[PDB]
Structures are given as C-alpha cells and as structure tokens.
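First, one chain by itself: the form deposited in one PDB entry, in structure tokens.
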C-alpha cells in the first residue's frame, strides 16, 4: 500500500481541519501543498503525527517516572530488562528525532505552515535540535563502551567507581525528554481547544498538577541521589535515619515525603538538615515547591473566578444601581421597587438581549423570535389574515418588557403609542362604568391606538409580575412601508 502511507501523512478532512482551514477546498489545497513538498513530508495536523505523538506521550511519561527511580535507588543498573527497556526507548526516540526532520512546523506568527524541507531543517537546527539529540542517544552507554575500549581492565583501582558515578550522572540526560513532552502536550492541547471547547483554566490546572507531581517525584529522587553519590556520609539524612540498608520502597517513600513536605509548605524530614549537601538541596526543594504551590493558588483563583461570572456581573451591576439610588437620595419605597424589578427582570444573572440578538445571524434570530412570539401574534385576528412575510418582518419590532404589580401599564388619557402582547401575568383593564376585566396569557390590549392613532380610553394596571411584548406605532409604520398591500387592507378593514 504505497498510497495509504502517502494518505496518512496528509491532513485528513475532520472537524479540526474544517475548523482551521475553513473549507474542504482549503484542506484539499493543503493536501496538494503537502504533496508538492518533497520526499514524504509529514504534516503536523495529520493522523499519523497524532498517533505517533500519542505513543510518544505514553512512552515519555513512563520514561520520566521509571528512569530516575532506576538510576538512584538501585545499585546494579546493568541488569538485562533495564538495558532492554533503555534500548527500546532510545530506539523510539531516535525514530522520533529522524521524523522531526520531516514534520511541518506550525508558526503562530502567520497561518502558513512551513513545509519546505530545507527550511524546516534550518529551523529545527536553530531551535530544538541539541536538546532532542542529547536526550535521544544513550550517552551513558557510549561513555561506558568507549571507556572499556580504552581500558578493558579499568576495574583495577577505584577509578571504575568514578566511572560508575559518572555513568549514573550522564544517564540523567534522558530527563531532557521533558522538552518534547511539553512541546507535544501544548501542540495537541491547542488543537483540542480548537475542537472540543474545554475550559482553559481546567486545562492549565491539569497541566500544573502534572508538573507538580513530576517535580515532586524528581526532587524526591534527587534528595536520595546526591547522598548516594557521596557514598552516604554520616551527615546526610539517609545515614542519620539509619535507613541506608532498607528496601528501596521505604527509601523512595521517605524521600518523596521529604520532597512533598518541602513542596506543600509543611516541613521537615526527621530533623533539620545538617550537612552542606542537605542544606542546599532543601533550599532548592523549598524554592521549587513554594513556586509551584504559589502557581497552584493562582490557577485555583483563576478557576474560581470563572465559575459564577454571570451572577458576579449581575451583582456588580446591582451595586452600581445601589450607588445610583444613593446618589439621588431616593426614598426607600422606590428602592424596594427597583430591587424587586431587578429580581424579576434578570433573575439574578446578567444578560444583554440586544447585543446577543445583534451578534447572532439572521436565521437564528428569526428562529428565536418565531419561537417566542408567533404563538402570540397568531392569536390576533388582524394578523392571521395577512402575509406571512408581513408577520415575519413585523416580529423583529417586538420588545420584551416587565411590569411590577401595581404599575399602570396604560394610563388613560395619553397618546397611544404602543401595543402590548401578554406572555406571562394577569392584568386588569379598568374602564368607565366601574368595569374591571382580567386578561391573562395569550391575550393582548391596546390595539385601537395602533390603527387610529388617537388617545387612551381605558386604563390597564398590572396585578402580577407581567412579562409582555410591546409593538410601537412607529415601528409598525416602518413595517407597513415595505408592505403597502397589507397597509391598504388595514385601511379598508378599518373603514
């Protein structure tokens, strides 16, 4: 299958490519730009790069956990499965270092992914080649093989002891795979922000919890490593606690306890540090742990301030309204009225209807307005015998309004300028002759002033917290400007 390998390196059409490049035609143009690049160029949004980086993350986490425990706590680090594990890992990392010479580079300074095979080489050499080249090759086995090639009988004096100490130091160059771990996790978390829309504070605090666990683990390995390379002098914390000859589990547990004690701000180990190794290592672990815990408090605060943002914005708005009422020295009755109005208008959380209906497109706006109000405008017989385009063009002019119980919605004797549709609540129509009718949901009132443009003949008082839709006369005239046939029909039926 010489075509399937060429297909997997190219960025396939998925949710991510359609969201990045915009159209399917742009993704096909990107596939053609990968095709015209050269000999087997890997695009960093493909499927092969994804599954390869997934296997590399599942290998790097295991390497960064297993390798310091294998180096520091065990004495003979030349057993057969340990060498097998290191050689298999370094084989995968050399394969990844070769494949980095064929992967495109996503630059955040443009929308142009670099696919020039010479320019990716001249960028990867100038950016991240030295770290990956150190962390890929087994420098310790190179030093061991070269030292035994120089002297096959090197174990005569205590110089071979220094060779073993320097082997254990050079084998910590495999901890520079953290750079590739960080660069792969950021590169795929940006993609998963683009696709799935997860909260940014959750992602950053998961990243920080991962780094805190990894640094606590490395510091716990380090505070046993440095007394181990000094052959456990009588002032290190290992020999003071008489735990030189315990099992490696107890050594790792108590060392990780020292690291976590100086990380989460508790302290100490058994006693205070004594030797000059332990004092400076404890100060290093204290600096690293206090920095990581301060950043954890920062990410937790940024997470908590995004949980109730709408209700927080509501309370900021209502404190501004409290200041407005205090500035003009309003009586407390009106303050109770305004408080009840904001409790029954926004229901404790802030939203701006005008900006939200402005940001939406046209069919979503029409769909929301239809679902809200077409069941109400169908109940009026002036509108059921008209153009559906007239109704659709008229529904945009409705305004949502809220009235408290006791309010005069329509005061009798004024110029009628608005027509009201009832969504929720019960109103009372007072007319002359001491007649008081009740209107409820799905009803309407104030329609004579729309047609005739006269004055008010009856009062309307709200009895509950009424949610109403309003239609002005001027907006109705603007709707009649485009539809003159229904205007002439209203002129004839008005006769």
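Numbering follows the first chain given and starts at 1. Each form is matched to the other, and the largest set of C-alpha atoms that superpose within 1.5 Å is called the rigid core.
If you look for the form deposited in another entry, you will not find it shown, but the lines that follow are about it.
For this session: Once the rigid core is lined up, just say which one of 230, 306, 246, 334 has a C-alpha that travels 2 Å or more between this form and the one not shown.
Result: The listed residue whose C-alpha shifts by at least 2 Å is 334.
Exercise. Superposing on the rigid core, is the CA of residue 473 displaced by 2 Å or more between this form and the one not shown?
Worked result: After core superposition, the C-alpha of residue 473 moves 2 Å or more between this form and the one not shown.
Problem set entry | Cα displacement of residue 60 between this form and the one not shown reaching 2 Å, rigid core superposed | It does not, since the residue 60 C-alpha is displaced less than 2 Å between this form and the one not shown after the core fit.
Exercise. Superposing on the rigid core, does the Cα of residue 34 end up 2 Å or more away between this form and the one not shown?
Worked result: Stays below the 2 Å threshold, so no.
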